[PDB]
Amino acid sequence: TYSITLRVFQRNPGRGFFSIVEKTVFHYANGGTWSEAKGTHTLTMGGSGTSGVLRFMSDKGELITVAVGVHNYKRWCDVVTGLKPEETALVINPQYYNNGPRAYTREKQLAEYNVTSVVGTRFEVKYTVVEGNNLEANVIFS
């Protein structure tokens, strides 16, 4: 099994306040599950080769996704911003596989990644535990 535990840090009220609106899990490697404990979010996966996505919406209406998973026994992550209402996590998650237009960032196996949406909201995924089967990452909104 692989697990990825996330801590959500939101740094700038000027960017509004984000909450989770969707949680998906891709079907590879026997799938997996999202759980909550002590204000954190853990994706537990049946093996290497799958992932899950959390979609966030701010109280200002901004939509963004955070994808985390394990590819070839190494953690990966991605952030997609400027999403439209119809571009749900259910749309986004599969795009990382089957030669989708996002598979390339998965193959990068990034232990850290950041991007700034066009509206000026910075997002970052940063693994604090980058090795082994019990991975840990901070998700930082700013």
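Residue numbers run from 1 along the displayed sequence.
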| property | result |
| --- | --- |
| Stretch with the higher entry mean CA B-factor, where the candidates are 19-27 and 130-138 | 130-138 |
| Stretch with the higher entry mean CA B-factor, where the candidates are 111-119 and 85-93 | 111-119 |
| Top Cα B factor in the deposited entry, candidates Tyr104, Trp76, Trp34, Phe56 | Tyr104 |
| Residue of maximum C-alpha B factor among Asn99, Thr65, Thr40, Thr44, per deposited coordinates | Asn99 |
| Modelled-residue ranking by C-alpha temperature factor, third containing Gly61 | highest |
